[PDB]
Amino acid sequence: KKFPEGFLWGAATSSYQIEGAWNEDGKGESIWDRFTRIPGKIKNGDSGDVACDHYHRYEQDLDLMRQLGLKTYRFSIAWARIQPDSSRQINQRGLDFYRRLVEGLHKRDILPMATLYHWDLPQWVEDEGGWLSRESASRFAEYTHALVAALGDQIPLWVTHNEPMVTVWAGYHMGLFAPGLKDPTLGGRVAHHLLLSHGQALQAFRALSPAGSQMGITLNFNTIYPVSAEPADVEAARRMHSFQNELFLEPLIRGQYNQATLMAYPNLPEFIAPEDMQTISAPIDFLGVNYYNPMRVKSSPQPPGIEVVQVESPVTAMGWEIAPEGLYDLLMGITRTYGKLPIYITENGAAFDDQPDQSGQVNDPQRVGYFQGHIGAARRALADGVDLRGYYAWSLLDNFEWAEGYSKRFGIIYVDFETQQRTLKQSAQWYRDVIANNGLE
């Protein structure tokens, strides 16, 4: 039950969630800086203004990574640090930060994986239409070109987008995340431009062809199970799977949108230029998979004919069902449907109500249990033919959990946000052992 020699064990973060220094060194405002200033949008009125203060404390966090024996570390790049404003001019201080981070990773034999876009769009791009505008795909490609030119040979794994489905749903359907639009009819248009931006970014990457470097995209999924064996429930589950799990995968791999997508978005074809599917479906080097929980579905008489059924137990602090078999099923399904392409699990983890004990230790056995089940499921998938290349725990650090603010702790390392003190949780200690053993037990 050892994983393959060279298997990439990592942990993941994102820029807005950990960096702080929101207005330092010429950094421009992002849509998340703006969103968190809006009263009522975030629990406890929290923001990423300071977060984990990682922009200043990155060397401490690098040593924590080393202490755990991480083989790889997934971070995102704050686009607004790099292009603060509409002049499109490169901010050298912002770029230098990522240069220093990447140098530090290599110094400690940790392989960098960089996410170009983890939701912190520069406000200047939003002022030019954001993801509603086709031109934002070109802006994203110019940003990618700059970063890959600067750091390509030093970052062996690049991800264009993180969870474009969440950007669509939370950002444009529900208004729960930045930029806070609440118009379901916009989802197709946004999805197409996210996909187009990925494609143009990938073209920029191929043009530069950095030595030893690869590029992919990270998607989130919720494995779908029908609540019963009834045909109507099976049908609802199939439709929900197509939409929830294959909206992006289908165009990425097959160069077409699926029927569930076109029905949900019936004006989508109006945004597709003659090239656009070819560009979107150009080969990626790997797929990033983010998974936390399944969704359970039943048929309904009322539109859209699908109801998601909530689960009371077993759940995390987010109310998300704990079902490690969901991860196995997801990985097998992707592999069977789209072929045996390289996969990294770019996020998997859990939020629990962690509290230091009287001695100052943070013991999180529920999180250990979550990782035990899920890493076990990933191992079974690998045994059964999935080309799993790495696993990244979400998250290295407790951090700013978007609209939940600091009420939710996903870290394997506990952060006291009053003092910025970091403490390895029991789960970090356990994970260090897994890495050293190259597997469970």
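Residues carry their position along the shown sequence, with the first being 1.
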Revision key, fill the gap. Taking the deposited Cα B-factors and averaging over 335-343 and over 354-362, the higher mean is found in 354-362
Revision key, fill the gap. Assert higher mean C-alpha B factor (378-386 or 66-74, deposited values) equals 378-386
**Study point:** Which of 163, 307, 285, 142 ranks first by CA B-factor in the deposited coordinates
**Key:** 307
Review point. Between 200, 293, 91, 218, where does the Cα B-factor run highest in the record?
Key: 91
Exercise for review: Would you check the entry's CA temperature factor for residue 100 and let me know if it's in the chain's lowest, middle or highest third?
Suggested key: middle
Review point. Lowest, middle or highest third: where is residue 118 by Cα B-factor in its chain?
Key: lowest
Practice item. Could you look up the Cα B-factor of residue 327 in the entry and say which third of the chain it sits in: lowest, middle or highest? Key: lowest
Study note, to complete from the structure: On the chain's distribution of Cα B-factors, residue 423 falls within the third called middle
Exercise for review: Report the third (lowest, middle or highest) to which the CA temperature factor of residue 348 belongs, ranking only the modelled residues of the same chain.
Suggested key: lowest
